[PDB]
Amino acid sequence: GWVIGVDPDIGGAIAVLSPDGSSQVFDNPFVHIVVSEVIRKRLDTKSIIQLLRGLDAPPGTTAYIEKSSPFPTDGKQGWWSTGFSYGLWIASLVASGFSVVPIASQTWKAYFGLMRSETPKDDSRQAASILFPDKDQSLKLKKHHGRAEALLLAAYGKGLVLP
């Protein structure tokens, strides 16, 4: 039936698949905040919760969420934000009645044969245009890869296959 996919990161997105085959994808809401005399994007908690309350996906719907897995060579700040974004989404999803299943990125990539691409982001947008042709207008910019990760995650939990 209904499936939710969540790319939890700052350029990420939430994708919702209804049982009639239609689909929605939203950019993750963010705000600009001061940290240590610079400005930085942080997910917008209030907006995210308002969004999750405006979905028609019923309680108990499974939200598939990409497990943040920072590399040992990423910075401590990178570790912090990805932990923070992840906790914010998990808690907002659990609080809004949705069932949360974390999925490793290697899981949904191998499912769609996206492993070992020279152009992984480009390829994700292309595979999501294929799976969701009405969204292809909304998938043409490189910055849109996060929308494509969400849609693909949702595609994975829903069982869809590339043609």
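For every residue, the number given is its place in the sequence shown, counted from 1.
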So, looking at the entry's B-factor column for Cα atoms, which has the higher mean, 113-121 or 52-60? 113-121
Of the two stretches 103-111 and 90-98, which shows the higher Cα B-factor on average in the entry? 103-111
Compared with the other modelled residues in the chain, in which third is the CA B-factor of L153? lowest
When the modelled residues of the chain are sorted by Cα temperature factor, does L141 land in the lowest, middle or highest third? highest
For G1, return the chain-relative third of its C-alpha B-factor as stated in the PDB record: lowest, middle or highest. highest
Which third, lowest, middle or highest, does the CA B-factor of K67 fall in along this chain? highest
Give the position of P8 by CA B-factor within its chain, expressed as the lowest, middle or highest third. lowest
